[PDB]
>>> print(open('protein17.pdb').read())   # PDB, N, CA and C atoms
MODEL        1
ATOM      1  N   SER A   1     146.000 -15.817 -44.406
ATOM      2  CA  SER A   1     146.302 -14.586 -43.579
ATOM      3  C   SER A   1     145.219 -13.506 -43.673
ATOM      4  N   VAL A   2     144.864 -13.053 -42.514
ATOM      5  CA  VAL A   2     143.819 -12.045 -42.333
ATOM      6  C   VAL A   2     144.225 -10.602 -42.726
ATOM      7  N   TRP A   3     145.433 -10.229 -42.361
ATOM      8  CA  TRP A   3     146.058  -8.950 -42.834
ATOM      9  C   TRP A   3     146.271  -9.029 -44.367
ATOM     10  N   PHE A   4     146.783 -10.112 -44.927
ATOM     11  CA  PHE A   4     147.106 -10.182 -46.376
ATOM     12  C   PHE A   4     145.802 -10.022 -47.176
ATOM     13  N   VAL A   5     144.727 -10.719 -46.787
ATOM     14  CA  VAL A   5     143.426 -10.530 -47.349
ATOM     15  C   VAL A   5     142.893  -9.133 -47.208
ATOM     16  N   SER A   6     143.033  -8.544 -46.057
ATOM     17  CA  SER A   6     142.719  -7.168 -45.900
ATOM     18  C   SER A   6     143.484  -6.241 -46.801
ATOM     19  N   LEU A   7     144.749  -6.407 -47.000
ATOM     20  CA  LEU A   7     145.588  -5.573 -47.794
ATOM     21  C   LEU A   7     145.077  -5.607 -49.197
ATOM     22  N   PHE A   8     144.737  -6.837 -49.685
ATOM     23  CA  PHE A   8     144.246  -7.171 -51.005
ATOM     24  C   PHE A   8     142.932  -6.558 -51.420
ATOM     25  N   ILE A   9     141.957  -6.508 -50.446
ATOM     26  CA  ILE A   9     140.747  -5.693 -50.458
ATOM     27  C   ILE A   9     141.107  -4.257 -50.598
ATOM     28  N   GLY A  10     142.095  -3.722 -49.861
ATOM     29  CA  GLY A  10     142.486  -2.328 -49.989
ATOM     30  C   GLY A  10     143.120  -1.982 -51.362
ATOM     31  N   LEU A  11     143.956  -2.865 -51.939
ATOM     32  CA  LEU A  11     144.418  -2.667 -53.307
ATOM     33  C   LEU A  11     143.439  -2.706 -54.392
ATOM     34  N   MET A  12     142.516  -3.676 -54.284
ATOM     35  CA  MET A  12     141.261  -3.823 -55.051
ATOM     36  C   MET A  12     140.325  -2.628 -54.999
ATOM     37  N   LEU A  13     140.207  -1.999 -53.807
ATOM     38  CA  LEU A  13     139.618  -0.748 -53.633
ATOM     39  C   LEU A  13     140.424   0.360 -54.329
ATOM     40  N   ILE A  14     141.802   0.357 -54.208
ATOM     41  CA  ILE A  14     142.631   1.470 -54.835
ATOM     42  C   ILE A  14     142.530   1.428 -56.366
ATOM     43  N   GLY A  15     142.590   0.230 -56.917
ATOM     44  CA  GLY A  15     142.308  -0.138 -58.289
ATOM     45  C   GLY A  15     140.957   0.308 -58.850
ATOM     46  N   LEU A  16     139.878   0.163 -58.067
ATOM     47  CA  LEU A  16     138.608   0.830 -58.244
ATOM     48  C   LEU A  16     138.563   2.370 -58.155
ATOM     49  N   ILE A  17     139.254   2.993 -57.113
ATOM     50  CA  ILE A  17     139.484   4.453 -56.912
ATOM     51  C   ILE A  17     140.189   5.154 -58.025
ATOM     52  N   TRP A  18     141.297   4.551 -58.631
ATOM     53  CA  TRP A  18     141.885   5.050 -59.904
ATOM     54  C   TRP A  18     140.934   5.164 -61.069
ATOM     55  N   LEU A  19     140.035   4.238 -61.182
ATOM     56  CA  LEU A  19     138.856   4.251 -62.049
ATOM     57  C   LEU A  19     137.871   5.347 -61.714
ATOM     58  N   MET A  20     137.598   5.622 -60.426
ATOM     59  CA  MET A  20     136.790   6.771 -60.059
ATOM     60  C   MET A  20     137.383   8.116 -60.263
ATOM     61  N   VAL A  21     138.716   8.255 -60.217
ATOM     62  CA  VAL A  21     139.428   9.515 -60.637
ATOM     63  C   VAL A  21     139.314   9.800 -62.210
ATOM     64  N   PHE A  22     139.786   8.821 -63.023
ATOM     65  CA  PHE A  22     139.958   9.096 -64.428
ATOM     66  C   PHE A  22     138.923   8.626 -65.407
ATOM     67  N   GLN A  23     137.939   7.747 -64.978
ATOM     68  CA  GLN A  23     137.147   7.016 -65.974
ATOM     69  C   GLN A  23     135.664   6.967 -65.706
ATOM     70  N   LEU A  24     135.256   7.030 -64.415
ATOM     71  CA  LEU A  24     133.904   6.791 -64.077
ATOM     72  C   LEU A  24     133.223   8.041 -63.581
ATOM     73  N   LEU A  25     127.241   8.909 -59.738
ATOM     74  CA  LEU A  25     127.605  10.364 -59.448
ATOM     75  C   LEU A  25     128.498  10.626 -58.261
ATOM     76  N   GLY A  26     128.730  11.890 -57.964
ATOM     77  CA  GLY A  26     129.479  12.343 -56.848
ATOM     78  C   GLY A  26     129.409  11.678 -55.486
ATOM     79  N   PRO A  27     128.217  11.620 -54.892
ATOM     80  CA  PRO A  27     128.150  11.158 -53.486
ATOM     81  C   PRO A  27     128.410   9.662 -53.321
ATOM     82  N   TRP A  28     128.038   8.916 -54.294
ATOM     83  CA  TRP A  28     128.449   7.466 -54.504
ATOM     84  C   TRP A  28     129.958   7.255 -54.717
ATOM     85  N   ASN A  29     130.649   8.149 -55.516
ATOM     86  CA  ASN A  29     132.058   8.073 -55.880
ATOM     87  C   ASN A  29     132.873   8.268 -54.647
ATOM     88  N   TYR A  30     132.531   9.218 -53.821
ATOM     89  CA  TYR A  30     133.149   9.566 -52.558
ATOM     90  C   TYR A  30     132.908   8.563 -51.466
ATOM     91  N   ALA A  31     131.698   7.903 -51.529
ATOM     92  CA  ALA A  31     131.355   6.671 -50.692
ATOM     93  C   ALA A  31     132.302   5.514 -50.890
ATOM     94  N   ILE A  32     132.611   5.187 -52.156
ATOM     95  CA  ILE A  32     133.534   4.134 -52.432
ATOM     96  C   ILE A  32     134.966   4.521 -51.914
ATOM     97  N   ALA A  33     135.289   5.849 -52.070
ATOM     98  CA  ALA A  33     136.492   6.405 -51.563
ATOM     99  C   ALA A  33     136.609   6.286 -50.044
ATOM    100  N   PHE A  34     135.476   6.495 -49.389
ATOM    101  CA  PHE A  34     135.396   6.432 -47.942
ATOM    102  C   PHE A  34     135.646   5.011 -47.318
ATOM    103  N   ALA A  35     135.090   4.002 -47.945
ATOM    104  CA  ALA A  35     135.192   2.619 -47.660
ATOM    105  C   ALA A  35     136.607   2.144 -47.700
ATOM    106  N   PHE A  36     137.419   2.597 -48.726
ATOM    107  CA  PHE A  36     138.888   2.389 -48.656
ATOM    108  C   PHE A  36     139.601   3.180 -47.507
ATOM    109  N   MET A  37     139.044   4.298 -46.951
ATOM    110  CA  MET A  37     139.457   4.920 -45.666
ATOM    111  C   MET A  37     139.226   4.010 -44.496
ATOM    112  N   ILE A  38     138.072   3.302 -44.408
ATOM    113  CA  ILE A  38     137.700   2.281 -43.392
ATOM    114  C   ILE A  38     138.700   1.148 -43.469
ATOM    115  N   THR A  39     138.983   0.645 -44.693
ATOM    116  CA  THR A  39     139.934  -0.478 -44.964
ATOM    117  C   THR A  39     141.382  -0.149 -44.562
ATOM    118  N   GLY A  40     141.809   1.165 -44.842
ATOM    119  CA  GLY A  40     143.078   1.727 -44.511
ATOM    120  C   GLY A  40     143.488   1.761 -43.051
ATOM    121  N   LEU A  41     142.460   2.254 -42.321
ATOM    122  CA  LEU A  41     142.393   2.247 -40.843
ATOM    123  C   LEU A  41     142.313   0.807 -40.275
ATOM    124  N   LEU A  42     141.528  -0.104 -40.970
ATOM    125  CA  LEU A  42     141.260  -1.524 -40.480
ATOM    126  C   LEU A  42     142.523  -2.294 -40.306
ATOM    127  N   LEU A  43     143.414  -2.232 -41.328
ATOM    128  CA  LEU A  43     144.691  -2.777 -41.343
ATOM    129  C   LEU A  43     145.543  -2.297 -40.205
ATOM    130  N   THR A  44     145.535  -0.916 -39.847
ATOM    131  CA  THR A  44     146.259  -0.424 -38.658
ATOM    132  C   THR A  44     145.730  -1.092 -37.383
ATOM    133  N   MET A  45     144.438  -1.369 -37.228
ATOM    134  CA  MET A  45     143.938  -1.924 -35.973
ATOM    135  C   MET A  45     143.982  -3.404 -35.861
ATOM    136  N   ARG A  46     144.235  -4.144 -36.976
ATOM    137  CA  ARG A  46     144.733  -5.537 -36.930
ATOM    138  C   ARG A  46     145.810  -5.834 -35.805
ATOM    139  N   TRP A  47     146.760  -4.875 -35.709
ATOM    140  CA  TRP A  47     147.953  -4.911 -34.851
ATOM    141  C   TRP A  47     147.724  -4.032 -33.620
ATOM    142  N   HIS A  48     148.397  -4.350 -32.535
ATOM    143  CA  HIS A  48     148.220  -3.737 -31.245
ATOM    144  C   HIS A  48     149.530  -3.641 -30.441
ATOM    145  N   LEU A  49     149.592  -2.560 -29.545
ATOM    146  CA  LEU A  49     150.430  -2.416 -28.374
ATOM    147  C   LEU A  49     150.713  -3.734 -27.721
ATOM    148  N   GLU A  50     151.908  -3.923 -27.169
ATOM    149  CA  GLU A  50     152.218  -5.154 -26.378
ATOM    150  C   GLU A  50     151.891  -4.984 -24.881
TER     151      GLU A  50
ENDMDL
END
>>> encode(input="protein17.pdb", output="structure tokens")
Amino acid sequence: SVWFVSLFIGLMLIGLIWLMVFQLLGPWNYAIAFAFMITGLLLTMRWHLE
């Protein structure tokens, strides 16, 4: 499944983002954050109007 794989990338990204909040410079940290914004949106556009 293409959505399930996508979701999994997004969790893997969230799992990385929790690490960027509490454990792990700036413009790179926010870049990784941004990429999970792309992934977040990607999953919404998987699906469409009938």
>>> select_by_dssp(input="protein17.pdb", residues="chain A", states="helix (DSSP H, G or I)", output="VMD selection string")
chain A and resid 2 to 22 26 to 46
>>> residues_around(input="protein17.pdb", residues="segment 26-35 of chain A", least_positions_apart="4", cutoff="8 Å", atoms="only N, CA and C atoms", output="MDAnalysis selection string")
chainID A and resid 10 13 16:17 20:21 39:41
>>> closest_residue(input="protein17.pdb", among="A:45, A:50, A:36, A:22", to="residue 9 of chain A", atoms="only C-alpha atoms")
A:36
>>> atom_distance(input="protein17.pdb", atom1="atom CA of residue 48 of chain A", atom2="atom C of residue 2 of chain A")
14.0 Å
>>> axis_aligned_box(input="protein17.pdb", around="segment 32-45 of chain A", padding_each_side="8 Å", output="AutoDock Vina command-line options")
--center_x 139.4 --center_y 1.5 --center_z -44.1 --size_x 29.6 --size_y 25.9 --size_z 32.6
>>> residues_around(input="protein17.pdb", residues="segment 5-7 of chain A", least_positions_apart="4", cutoff="8 Å", atoms="only C-alpha atoms", output="VMD selection string")
chain A and resid 1 11 39 42 to 43
>>> atom_distance(input="protein17.pdb", atom1="atom C of residue 24 of chain A", atom2="atom N of residue 8 of chain A")
23.4 Å
